[PDB]
């Protein structure tokens, strides 16, 4: 991991989530369940998909070899012809193997970034109205029902609406 999320602080991944690449697992008094963030998952599909097509398109023009015959006293240009044609095969083989190796790395770290960006989208929403456990989970200081959570997921989360309730339970564990 380059960004610290995948196989980082969020140790392990969820066999349970299925409808997407990145998402949430809630756990409240009404019950649990996995739900994938389709905003961030779709942006990661449009990304990778575009990547593939671009790797293909950059390669759509490249050196095509053709058979050429030489006689017994044209060894020099025959050998020139041979080295030339291997030269381009070796060149394009290098370009393809390297482009794949490189964009593979960029792909994995992209997923890593996308997850940490999603975790941060939540953390910055909740702030002190919840506790971060260090495993990619937030423990709420207030009460989040199966309708409050859809607000933090959609980004439409009214902070002050829970702020006061939350404050009193956070300070409770003290005096």
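Positions refer to the first chain, counted from 1.
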Exercise. Would 6-14 or 156-164 have the larger average of its C-alpha temperature factors, as given in the entry?
Worked result: 156-164
For this session: Take the C-alpha B-factors listed in the entry for 23-31 and for 103-111, compute each mean, and give the stretch with the larger one.
Result: 23-31
Exercise. According to the deposited entry, which of 129, 61, 117, 50 has the largest Cα B-factor?
Worked result: 61
Exercise. Thinking about Cα B factors across the chain, which third does residue 68 belong to?
Worked result: lowest
